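Participant: Take this structure, written in structure tokens, and hold onto it; I'll ask about it next.
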Amino acid sequence: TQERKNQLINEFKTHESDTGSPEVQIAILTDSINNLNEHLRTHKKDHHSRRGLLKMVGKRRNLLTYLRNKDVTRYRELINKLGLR
Amino acid sequence: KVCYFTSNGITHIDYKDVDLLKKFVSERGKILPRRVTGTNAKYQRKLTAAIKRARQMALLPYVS
Amino acid sequence: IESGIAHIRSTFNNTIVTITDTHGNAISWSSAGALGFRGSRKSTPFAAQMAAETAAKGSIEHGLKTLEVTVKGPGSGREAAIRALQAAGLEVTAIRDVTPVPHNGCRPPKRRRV
Amino acid sequence: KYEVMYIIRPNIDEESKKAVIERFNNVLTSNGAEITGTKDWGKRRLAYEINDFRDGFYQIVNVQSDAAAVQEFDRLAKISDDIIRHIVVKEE
Amino acid sequence: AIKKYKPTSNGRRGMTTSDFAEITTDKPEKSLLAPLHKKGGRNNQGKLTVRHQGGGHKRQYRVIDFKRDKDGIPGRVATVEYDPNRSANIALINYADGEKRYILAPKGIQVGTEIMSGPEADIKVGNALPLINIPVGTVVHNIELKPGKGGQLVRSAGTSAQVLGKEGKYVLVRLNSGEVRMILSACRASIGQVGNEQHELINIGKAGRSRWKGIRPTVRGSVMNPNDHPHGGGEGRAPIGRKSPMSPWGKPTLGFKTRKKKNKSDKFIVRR
RNA sequence: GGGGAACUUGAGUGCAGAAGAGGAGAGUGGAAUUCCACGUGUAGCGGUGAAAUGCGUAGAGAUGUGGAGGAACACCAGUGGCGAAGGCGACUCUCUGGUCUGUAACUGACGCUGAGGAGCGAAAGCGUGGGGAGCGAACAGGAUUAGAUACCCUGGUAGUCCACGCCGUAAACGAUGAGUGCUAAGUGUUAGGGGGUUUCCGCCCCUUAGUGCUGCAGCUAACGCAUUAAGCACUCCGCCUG
């Protein structure tokens with residue numbers, strides 16, 4: 001618990017102590033997405049967690065759009081490695 | 001008005017301590033209300049949690 | 001047969017009286033209907049009071065002195081019969097207000113005005 | 001970080017006591033858990049009857065595990081004919 | 001594991017079948033097969049004594065181990081197989097020593113799990129114990145009456161029984177249909193639920209499929225003639241004017257018990 | 001409006017705590033109601049404004065045991081808490097959602113709203129398979145009535161429960177859309193944070209976020225709302241025109 005978070009932020013670290021930098025954030029958002037997805041498969045009917053999932057994926061979406069508008073190079077270099085379309 | 005837990009400055013229940021739970025349940029086994037125990041609102045819910053746990057564990061009767 | 005337990009139901013329509021042994025063994029019983037009250041009069045405190053001393057009379061000839069009473073349900077017979085016992089010369093050592101009070105139990109019947 | 005309480009019915013020969021508690025601790029340690037401390041109470045008049053016993057034996061097993069051993073413990077405890085009650089708490 | 005055929009022809013208009021994901025193989029182990037020729041309701045002298053039977057698809061018997069006698073040897077189960085004798089499905093489990101055996105596959109069994117059968121076996125799905133070791137309030141299947149005879153009582157798909165308490169030489173166990181029974185405490189049953197629970201929901205669409213299964217057509221008593229059934233005869237479609245409805249051989253056939261009332265086993269049935 | 005370079009209050013991330021009937025799954029337990037067998041036990045029990053149908057000598061009800069089951073979790077419990085809404089109260093565990101506080105380490109406008117669309121959406125209801133204690137539409141019997149297809153009484157099927165699908169409605173109400181900023185106070189209460197006397201208790205002062213109650217200006221046709229606006233304003237959606 002919280003160790004994968006440290007792993008992800010430390011390995012996507014762009015600036016020496018960055019924890020904003022939405023390219024870092026979207027990593028944690030994706031981790032929460034797929035983790036909660038494996039949780040949903042074992043509990044189909046947890047609709048409140050489904051609502052949380054919808055909120056968080058929407059957050060990830062507009063973060064991605066902002067990064068796209070900010071710079072296409074960083075976007076592409078992130079999406080290709082994270083494998084999401 | 002007197003608040004026993006914050007007066008004697010003790011933290012969470014540590015449910016094993018069955019001595020004061022008698023003082024906080026009636027002789028009938030009914031859990032006493034705030035109006036008589038005078039304890040703090042935040043602590044009362046963890047109280048009834050502790051009494052319920054020990055009650056399930058048969059340290060306090062359901063009815064006396 | 002020296003000690004026993006007298007149980008009385010205090011309902012809104014009737015009042016039963018029954019005596020038993022510490023082993024939970026009945027000896028005798030009485031009721032408003034047993035005495036001859038048929039209508040709503042069975043609910044009166046007087047009917048339960050009468051019930052008390054007939055139960056006492058059915059008790060003495062078997063030789064029991066000391067009692068302690070359990071009362072069930074709410075009704076007007078709560079106060080009548082208990083002191084009717086000691087009016088009948090007996091000695092009741094304790095009063096027990098045991099009534100079935102379920103935590104949730106079963107859903108009660110519908111309302112009386114629908 | 002689990003603090004387990006359980007009761008063993010009074011009519012156990014002191015020979016078989018040590019057997020039953022020892023095999024339970026064996027189950028805990030073998031399922032990945034580690035005992036952070038063991039502790040006992042002994043006799044106490046039960047607050048109410050459970051099956052036919054007026055009293056019982058009270059034992060405490062303060063353990064720190066990965067939360068998988070205690071489910072097997074719960075199965076073994078409920079399925080043993082001699083233990084009466086038991087619960088597990090996640091101490092914070 | 002239930003699928004619907006979209007209605008293409010008219011025969012498949014109402015149809016359901018069970019896809020066989022629970023099954024793990026198609027070819028059985030040659031050693032345990034035994035011959036079986038279908039009798040078709042004919043007695044030893046050749047006369048017909050069981051109507052409505054005969055003419056199915058030919059099937060080969062797989063000898064199941066209902067006894068679970070071999071105790072203490074850790075059993076590994078790696079298969080779940082189809083068997084056209086009984087609704088349930090079976091598992092070929094291979095033991096440590098090296099001989100294989102078939103067992104009624106219980107619900108929640110998967111390839112690779114372990115098996116034990118001693119009188120001290122842990123209580124899981126697939127283990128077998130004498131009832132004395134079984135604890136109260138635990139579902140169980142494949143019970144028998146005379147110890148060592150082998151399970152008889154709960155064997156069909158999705159069938160289960162519950163133990164309501166041990167009281168001495170015998171035990172109280174709730175069979176299917178709820179008619180609780182007194183049973184010897186020295187008998188060995190198989191813990192769990194029979195693992196083809198969805199078998200009831202099949203909707204056999206075609207008459208031809210019931211005939212494949214081997215069920216001959218059944219003709220109503222009413223459309224018979226007077227001499228060949230107590231209902232037959234009468235002009236037009238007649239109601240049965242014979243007070244109680246009756247069977248082809250004379251007895252009434254609605255709502256009356258039939259077990260010879262003096263039999264010994266009755267004293268154990270009547271626990272109820 | 002477009003493009004480029006800033007910046008951090010808006011919006012997020014990290015860090016330390018806090019609370020909760022928030023949700024899903026498994027198991028566990030206490031008092032009862034009913035039924036059953038058993039002991040004792042005589043004459044009624046039950047019921048309403050009177051009564052009656054019912055149950056009882058085939059031994060009732062009552063009362064002492066032991067089982068069997070299914071439903072809900074008493075006091076704690078509070079105009080308390082959580083949730084976007086429906087709603088969510090016994091206990092434990094497994095998984096999991098959101099919120100608030102203090103920070104100032106991070107990104108630097110990434111924000112608001114949102115037709116269509118998607119998902120949730122009480123109770124009744126429907127389909128399949130179980131389950132069925134109590135309650136109880138329908139239905140029967142007894143009362144009342146001129147009549148009573150009801151109000152009352154005794155029963156009681158479907159439902160009420162569980163697993164998976166379907167319907168998509170409610171006075172689904174605060175009869176008040178969402179977001180942002182400003183505009184007198186007093187007073188409770190919930191979860192915090194800081195400080196003054198002690199790092200004792202508990203006394204007080206600030207301070208956020210909720211959740212009530214009175215009450216200015218202001219609005220209101222009247223009621224009344226009044227920092228939880230129905231006030232002063234700006235964006236976006238929905239809706240109305242006897």
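Chain labels A, B, ... are given in the sequence in which chains occur in the structure tokens; within each chain residues are numbered consecutively from 1, and ligands are likewise numbered from 1 in the order shown.
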If we count only C-alpha atoms (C1' of nucleotides), which residues of chain F reach to within 10 Å of chain A? Please list them as a PyMOL selection string.
Facilitator: chain F and resi 12-14+22-25+83-84+95-98+105-108+110+119-120
Participant: Using only C-alpha atoms (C1' of nucleotides), determine which residues of chain F fall within 12 Å of chain B; present them as a ChimeraX atom specification.
Facilitator: /F:18-20,28-31,74-78,80-81,90-92,189-191,200-202
Participant: Within 10 Å of chain F, which residues of chain D are there when counting only C-alpha atoms (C1' of nucleotides)? Please give them as number ranges by chain.
Facilitator: D: 67-68, 70-71, 74-75, 78, 85-90
Participant: Give me, as a list in words, the residues of range 4-46 of chain D that a backbone DSSP run labels strand (DSSP E or B).
Facilitator: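 DSSP-assigned strand (DSSP E or B) residues in range 4-46 of chain D: residues 4, 5, 6, 7, 8, 34, 35, 36, 37, 38, 39, 40, 41, 42, 43, 44 and 45 of chain D.
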Participant: Write out the residues from the selection above, keeping N, CA, C and O atoms, as a PDB file, in the first residue's frame.
Facilitator:
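Wrote out-v9.pdb, looks like this:
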ATOM      1  N   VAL D   4      -6.483 -11.719  18.139  1.00  0.00           N
ATOM      2  CA  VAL D   4      -7.496 -12.766  18.070  1.00  0.00           C
ATOM      3  C   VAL D   4      -7.851 -13.209  19.481  1.00  0.00           C
ATOM      4  O   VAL D   4      -6.965 -13.453  20.308  1.00  0.00           O
ATOM      5  N   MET D   5      -9.148 -13.315  19.750  1.00  0.00           N
ATOM      6  CA  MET D   5      -9.674 -13.840  21.000  1.00  0.00           C
ATOM      7  C   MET D   5     -10.486 -15.092  20.698  1.00  0.00           C
ATOM      8  O   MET D   5     -11.161 -15.171  19.669  1.00  0.00           O
ATOM      9  N   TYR D   6     -10.416 -16.079  21.587  1.00  0.00           N
ATOM     10  CA  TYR D   6     -11.240 -17.266  21.394  1.00  0.00           C
ATOM     11  C   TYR D   6     -11.361 -18.021  22.709  1.00  0.00           C
ATOM     12  O   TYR D   6     -10.569 -17.823  23.634  1.00  0.00           O
ATOM     13  N   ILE D   7     -12.363 -18.896  22.773  1.00  0.00           N
ATOM     14  CA  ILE D   7     -12.728 -19.604  23.994  1.00  0.00           C
ATOM     15  C   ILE D   7     -12.738 -21.099  23.720  1.00  0.00           C
ATOM     16  O   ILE D   7     -13.242 -21.541  22.682  1.00  0.00           O
ATOM     17  N   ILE D   8     -12.198 -21.868  24.662  1.00  0.00           N
ATOM     18  CA  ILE D   8     -12.179 -23.325  24.616  1.00  0.00           C
ATOM     19  C   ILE D   8     -12.979 -23.837  25.806  1.00  0.00           C
ATOM     20  O   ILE D   8     -12.816 -23.337  26.927  1.00  0.00           O
ATOM     21  N   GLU D  34       2.992 -14.102  12.097  1.00  0.00           N
ATOM     22  CA  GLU D  34       4.021 -14.092  13.129  1.00  0.00           C
ATOM     23  C   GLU D  34       3.396 -13.557  14.406  1.00  0.00           C
ATOM     24  O   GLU D  34       2.753 -12.504  14.390  1.00  0.00           O
ATOM     25  N   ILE D  35       3.603 -14.266  15.511  1.00  0.00           N
ATOM     26  CA  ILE D  35       2.974 -13.910  16.777  1.00  0.00           C
ATOM     27  C   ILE D  35       3.757 -12.764  17.405  1.00  0.00           C
ATOM     28  O   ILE D  35       4.929 -12.921  17.758  1.00  0.00           O
ATOM     29  N   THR D  36       3.107 -11.612  17.551  1.00  0.00           N
ATOM     30  CA  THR D  36       3.709 -10.477  18.241  1.00  0.00           C
ATOM     31  C   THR D  36       3.551 -10.560  19.753  1.00  0.00           C
ATOM     32  O   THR D  36       4.021  -9.662  20.459  1.00  0.00           O
ATOM     33  N   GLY D  37       2.905 -11.608  20.261  1.00  0.00           N
ATOM     34  CA  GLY D  37       2.739 -11.806  21.687  1.00  0.00           C
ATOM     35  C   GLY D  37       1.545 -12.684  22.002  1.00  0.00           C
ATOM     36  O   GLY D  37       0.500 -12.565  21.359  1.00  0.00           O
ATOM     37  N   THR D  38       1.693 -13.583  22.973  1.00  0.00           N
ATOM     38  CA  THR D  38       0.619 -14.458  23.420  1.00  0.00           C
ATOM     39  C   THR D  38       0.279 -14.134  24.868  1.00  0.00           C
ATOM     40  O   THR D  38       1.123 -13.652  25.627  1.00  0.00           O
ATOM     41  N   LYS D  39      -0.968 -14.401  25.247  1.00  0.00           N
ATOM     42  CA  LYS D  39      -1.463 -13.972  26.544  1.00  0.00           C
ATOM     43  C   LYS D  39      -2.771 -14.692  26.843  1.00  0.00           C
ATOM     44  O   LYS D  39      -3.528 -15.028  25.930  1.00  0.00           O
ATOM     45  N   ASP D  40      -3.028 -14.917  28.134  1.00  0.00           N
ATOM     46  CA  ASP D  40      -4.137 -15.744  28.589  1.00  0.00           C
ATOM     47  C   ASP D  40      -4.866 -15.049  29.738  1.00  0.00           C
ATOM     48  O   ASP D  40      -4.314 -14.188  30.427  1.00  0.00           O
ATOM     49  N   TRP D  41      -6.132 -15.437  29.920  1.00  0.00           N
ATOM     50  CA  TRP D  41      -6.973 -15.058  31.052  1.00  0.00           C
ATOM     51  C   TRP D  41      -7.350 -16.213  31.962  1.00  0.00           C
ATOM     52  O   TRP D  41      -7.331 -16.040  33.182  1.00  0.00           O
ATOM     53  N   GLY D  42      -7.702 -17.370  31.414  1.00  0.00           N
ATOM     54  CA  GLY D  42      -8.140 -18.480  32.234  1.00  0.00           C
ATOM     55  C   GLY D  42      -9.636 -18.465  32.471  1.00  0.00           C
ATOM     56  O   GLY D  42     -10.418 -18.298  31.531  1.00  0.00           O
ATOM     57  N   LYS D  43     -10.045 -18.629  33.724  1.00  0.00           N
ATOM     58  CA  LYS D  43     -11.461 -18.734  34.045  1.00  0.00           C
ATOM     59  C   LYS D  43     -12.145 -17.374  34.038  1.00  0.00           C
ATOM     60  O   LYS D  43     -11.544 -16.340  34.338  1.00  0.00           O
ATOM     61  N   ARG D  44     -13.428 -17.395  33.686  1.00  0.00           N
ATOM     62  CA  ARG D  44     -14.329 -16.276  33.927  1.00  0.00           C
ATOM     63  C   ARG D  44     -15.743 -16.776  33.687  1.00  0.00           C
ATOM     64  O   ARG D  44     -16.011 -17.394  32.652  1.00  0.00           O
ATOM     65  N   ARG D  45     -16.633 -16.524  34.642  1.00  0.00           N
ATOM     66  CA  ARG D  45     -18.036 -16.861  34.457  1.00  0.00           C
ATOM     67  C   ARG D  45     -18.565 -16.148  33.222  1.00  0.00           C
ATOM     68  O   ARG D  45     -18.513 -14.917  33.141  1.00  0.00           O
TER      69      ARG D  45
END
Participant: Applying 10 Å and only C-alpha atoms (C1' of nucleotides), which residues near residue 12 in chain B remain after dropping the ones on its own chain fewer than 4 positions away? List them as a list in words.
Facilitator: residues 5, 43, 46, 47 and 50 of chain B
Participant: Output the selection as a short mmCIF file (atom, residue, chain, number, x, y, z; two decimals), in the first residue's frame - C-alpha atoms for each residue.
Facilitator:
data_model
loop_
_atom_site.label_atom_id
_atom_site.label_comp_id
_atom_site.auth_asym_id
_atom_site.auth_seq_id
_atom_site.Cartn_x
_atom_site.Cartn_y
_atom_site.Cartn_z
CA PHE B 5 -12.87 10.21 29.20
CA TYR B 43 -16.35 8.86 22.04
CA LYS B 46 -16.74 3.93 19.73
CA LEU B 47 -18.11 3.12 23.17
CA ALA B 50 -16.72 -1.69 22.21
#
Participant: Report as an MDAnalysis selection string the set of chain F residues whose atoms approach chain E to within 12 Å, with distances computed over only C-alpha atoms (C1' of nucleotides).
Facilitator: chainID F and resid 36:37 67:69 128:129
Participant: Looking only at helix (DSSP H, G or I) from DSSP on the backbone, list the matching residues of chain D as a PyMOL selection string.
Facilitator: chain D and resi 14-30+69-79
Participant: Deliver the residues from the most recent selection as a file, using N, CA, C and O atoms, as an mmCIF file, in the first residue's frame.
Facilitator:
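Saved the output as selection-v2.cif:
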data_model
loop_
_atom_site.group_PDB
_atom_site.id
_atom_site.type_symbol
_atom_site.label_atom_id
_atom_site.label_comp_id
_atom_site.auth_asym_id
_atom_site.auth_seq_id
_atom_site.Cartn_x
_atom_site.Cartn_y
_atom_site.Cartn_z
ATOM 1 N N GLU D 14 -5.886 -30.711 31.017
ATOM 2 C CA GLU D 14 -4.741 -29.828 30.840
ATOM 3 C C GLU D 14 -3.713 -30.424 29.889
ATOM 4 O O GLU D 14 -2.926 -29.680 29.294
ATOM 5 N N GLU D 15 -3.700 -31.749 29.741
ATOM 6 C CA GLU D 15 -2.901 -32.376 28.698
ATOM 7 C C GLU D 15 -3.322 -31.880 27.320
ATOM 8 O O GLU D 15 -2.488 -31.438 26.523
ATOM 9 N N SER D 16 -4.622 -31.941 27.024
ATOM 10 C CA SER D 16 -5.113 -31.595 25.696
ATOM 11 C C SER D 16 -5.205 -30.092 25.462
ATOM 12 O O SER D 16 -5.242 -29.668 24.298
ATOM 13 N N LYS D 17 -5.251 -29.284 26.527
ATOM 14 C CA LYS D 17 -5.133 -27.837 26.366
ATOM 15 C C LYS D 17 -3.925 -27.498 25.508
ATOM 16 O O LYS D 17 -4.052 -27.086 24.347
ATOM 17 N N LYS D 18 -2.742 -27.802 26.038
ATOM 18 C CA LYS D 18 -1.497 -27.424 25.380
ATOM 19 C C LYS D 18 -1.473 -27.923 23.946
ATOM 20 O O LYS D 18 -1.033 -27.198 23.050
ATOM 21 N N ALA D 19 -2.030 -29.109 23.699
ATOM 22 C CA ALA D 19 -2.150 -29.606 22.333
ATOM 23 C C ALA D 19 -2.970 -28.656 21.468
ATOM 24 O O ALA D 19 -2.533 -28.260 20.380
ATOM 25 N N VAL D 20 -4.166 -28.274 21.930
ATOM 26 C CA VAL D 20 -5.051 -27.514 21.046
ATOM 27 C C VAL D 20 -4.499 -26.107 20.806
ATOM 28 O O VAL D 20 -4.433 -25.644 19.655
ATOM 29 N N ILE D 21 -4.060 -25.413 21.865
ATOM 30 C CA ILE D 21 -3.492 -24.080 21.640
ATOM 31 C C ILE D 21 -2.232 -24.171 20.785
ATOM 32 O O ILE D 21 -2.006 -23.328 19.907
ATOM 33 N N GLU D 22 -1.391 -25.181 21.020
ATOM 34 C CA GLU D 22 -0.156 -25.266 20.258
ATOM 35 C C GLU D 22 -0.442 -25.502 18.783
ATOM 36 O O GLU D 22 0.199 -24.885 17.927
ATOM 37 N N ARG D 23 -1.412 -26.358 18.456
ATOM 38 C CA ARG D 23 -1.693 -26.591 17.043
ATOM 39 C C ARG D 23 -2.315 -25.356 16.406
ATOM 40 O O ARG D 23 -2.073 -25.071 15.227
ATOM 41 N N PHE D 24 -3.112 -24.596 17.164
ATOM 42 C CA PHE D 24 -3.628 -23.352 16.601
ATOM 43 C C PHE D 24 -2.503 -22.368 16.301
ATOM 44 O O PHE D 24 -2.473 -21.759 15.222
ATOM 45 N N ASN D 25 -1.564 -22.199 17.235
ATOM 46 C CA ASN D 25 -0.435 -21.311 16.969
ATOM 47 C C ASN D 25 0.387 -21.824 15.797
ATOM 48 O O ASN D 25 0.941 -21.037 15.019
ATOM 49 N N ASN D 26 0.476 -23.147 15.657
ATOM 50 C CA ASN D 26 1.139 -23.722 14.496
ATOM 51 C C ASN D 26 0.433 -23.306 13.215
ATOM 52 O O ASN D 26 1.082 -22.967 12.222
ATOM 53 N N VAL D 27 -0.900 -23.327 13.222
ATOM 54 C CA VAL D 27 -1.654 -22.907 12.042
ATOM 55 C C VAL D 27 -1.344 -21.452 11.715
ATOM 56 O O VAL D 27 -1.062 -21.101 10.561
ATOM 57 N N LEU D 28 -1.390 -20.583 12.730
ATOM 58 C CA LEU D 28 -1.107 -19.169 12.490
ATOM 59 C C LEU D 28 0.278 -18.979 11.891
ATOM 60 O O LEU D 28 0.433 -18.334 10.847
ATOM 61 N N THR D 29 1.304 -19.544 12.529
ATOM 62 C CA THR D 29 2.663 -19.302 12.053
ATOM 63 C C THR D 29 2.909 -19.954 10.699
ATOM 64 O O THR D 29 3.702 -19.439 9.903
ATOM 65 N N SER D 30 2.246 -21.077 10.413
ATOM 66 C CA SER D 30 2.431 -21.760 9.142
ATOM 67 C C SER D 30 1.723 -21.064 7.991
ATOM 68 O O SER D 30 2.169 -21.190 6.847
ATOM 69 N N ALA D 69 -3.976 -15.610 6.799
ATOM 70 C CA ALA D 69 -3.968 -16.710 7.755
ATOM 71 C C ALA D 69 -5.249 -16.743 8.578
ATOM 72 O O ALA D 69 -5.756 -17.822 8.908
ATOM 73 N N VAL D 70 -5.779 -15.572 8.929
ATOM 74 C CA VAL D 70 -6.864 -15.536 9.902
ATOM 75 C C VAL D 70 -8.159 -16.079 9.319
ATOM 76 O O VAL D 70 -9.028 -16.536 10.063
ATOM 77 N N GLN D 71 -8.329 -16.048 7.998
ATOM 78 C CA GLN D 71 -9.515 -16.670 7.416
ATOM 79 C C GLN D 71 -9.476 -18.183 7.604
ATOM 80 O O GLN D 71 -10.476 -18.804 7.991
ATOM 81 N N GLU D 72 -8.318 -18.792 7.338
ATOM 82 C CA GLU D 72 -8.152 -20.211 7.621
ATOM 83 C C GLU D 72 -8.337 -20.482 9.103
ATOM 84 O O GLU D 72 -8.908 -21.508 9.493
ATOM 85 N N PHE D 73 -7.859 -19.568 9.947
ATOM 86 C CA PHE D 73 -8.072 -19.721 11.379
ATOM 87 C C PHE D 73 -9.561 -19.728 11.686
ATOM 88 O O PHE D 73 -10.027 -20.527 12.499
ATOM 89 N N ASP D 74 -10.315 -18.811 11.086
ATOM 90 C CA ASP D 74 -11.741 -18.737 11.374
ATOM 91 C C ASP D 74 -12.435 -20.018 10.951
ATOM 92 O O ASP D 74 -13.298 -20.535 11.672
ATOM 93 N N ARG D 75 -12.061 -20.550 9.786
ATOM 94 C CA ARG D 75 -12.628 -21.818 9.339
ATOM 95 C C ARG D 75 -12.330 -22.929 10.338
ATOM 96 O O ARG D 75 -13.239 -23.636 10.792
ATOM 97 N N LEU D 76 -11.056 -23.082 10.712
ATOM 98 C CA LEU D 76 -10.678 -24.148 11.634
ATOM 99 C C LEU D 76 -11.344 -23.968 12.993
ATOM 100 O O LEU D 76 -11.724 -24.947 13.644
ATOM 101 N N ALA D 77 -11.486 -22.726 13.444
ATOM 102 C CA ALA D 77 -12.071 -22.478 14.752
ATOM 103 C C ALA D 77 -13.555 -22.811 14.755
ATOM 104 O O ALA D 77 -14.042 -23.509 15.653
ATOM 105 N N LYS D 78 -14.294 -22.329 13.755
ATOM 106 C CA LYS D 78 -15.722 -22.615 13.728
ATOM 107 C C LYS D 78 -15.985 -24.093 13.489
ATOM 108 O O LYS D 78 -17.010 -24.616 13.942
ATOM 109 N N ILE D 79 -15.080 -24.785 12.793
ATOM 110 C CA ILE D 79 -15.316 -26.189 12.488
ATOM 111 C C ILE D 79 -14.816 -27.123 13.583
ATOM 112 O O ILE D 79 -15.252 -28.281 13.641
#
Participant: Tell me, as a ChimeraX atom specification, which residues lie within 9 Å of residue 56 in chain C, counting only C-alpha atoms (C1' of nucleotides); anything in the same chain fewer than 3 positions away does not count.
Facilitator: /C:19,51-53,59-60,85,88-90
Participant: So that I have them on file, write out the residues from the current selection with N, CA, C and O atoms, as a short mmCIF file (atom, residue, chain, number, x, y, z; two decimals), in the first residue's frame.
Facilitator:
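As a result, selection.cif now contains:
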data_model
loop_
_atom_site.label_atom_id
_atom_site.label_comp_id
_atom_site.auth_asym_id
_atom_site.auth_seq_id
_atom_site.Cartn_x
_atom_site.Cartn_y
_atom_site.Cartn_z
N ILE C 19 -49.90 -20.42 38.93
CA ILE C 19 -48.84 -20.63 39.92
C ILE C 19 -48.06 -21.87 39.53
O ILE C 19 -48.63 -22.81 38.96
N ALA C 51 -59.43 -13.01 40.50
CA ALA C 51 -58.55 -14.08 40.03
C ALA C 51 -57.45 -14.35 41.04
O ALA C 51 -57.11 -15.51 41.30
N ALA C 52 -56.90 -13.28 41.62
CA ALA C 52 -55.79 -13.44 42.56
C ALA C 52 -56.18 -14.33 43.73
O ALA C 52 -55.48 -15.31 44.03
N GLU C 53 -57.30 -14.04 44.40
CA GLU C 53 -57.58 -14.82 45.61
C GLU C 53 -58.11 -16.21 45.27
O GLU C 53 -57.93 -17.13 46.07
N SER C 59 -54.05 -22.46 45.96
CA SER C 59 -52.66 -22.67 46.33
C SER C 59 -52.50 -23.17 47.76
O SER C 59 -51.66 -24.06 48.01
N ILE C 60 -53.26 -22.63 48.71
CA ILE C 60 -53.00 -22.91 50.12
C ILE C 60 -53.18 -24.40 50.42
O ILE C 60 -52.36 -25.00 51.12
N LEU C 85 -52.73 -10.61 46.21
CA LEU C 85 -52.03 -11.78 46.75
C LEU C 85 -51.76 -11.62 48.24
O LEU C 85 -52.11 -12.49 49.04
N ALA C 88 -54.74 -11.78 50.32
CA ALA C 88 -55.14 -13.16 50.57
C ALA C 88 -54.28 -13.86 51.62
O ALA C 88 -54.44 -15.07 51.80
N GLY C 89 -53.39 -13.14 52.30
CA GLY C 89 -52.60 -13.71 53.38
C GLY C 89 -51.27 -14.30 52.96
O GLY C 89 -50.49 -14.69 53.84
N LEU C 90 -50.99 -14.37 51.67
CA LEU C 90 -49.75 -14.98 51.20
C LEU C 90 -48.61 -13.95 51.30
O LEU C 90 -48.80 -12.82 51.75
#
Participant: At a cut-off of 12 Å, which residues of chain C touch chain B? Count only C-alpha atoms and give the answer as a CSV table (one decimal) with C-alpha atoms, in the first residue's frame.
Facilitator:
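Listed below is the output, selection.csv:
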chain,number,residue,atom,x,y,z
C,96,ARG,CA,-40.5,-9.3,38.1
C,97,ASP,CA,-41.5,-7.1,35.1
C,98,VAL,CA,-40.6,-9.8,32.5
C,100,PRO,CA,-41.3,-10.1,25.7
C,101,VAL,CA,-39.5,-7.1,24.4
C,102,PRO,CA,-38.0,-8.1,21.0
C,103,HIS,CA,-35.1,-6.2,19.7
Participant: What does the distance between CA of residue 23 in chain C and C1' of residue 46 in chain F come to in Å, to one decimal place?
Facilitator: 28.5 Å
Participant: Got a sec: who's within 7 Å of residue 181 in chain E, counting only C-alpha atoms (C1' of nucleotides), leaving out chain neighbours fewer than 2 positions off, as a PyMOL selection string?
Facilitator: chain E and resi 172-174+179+183+268-269+271-272
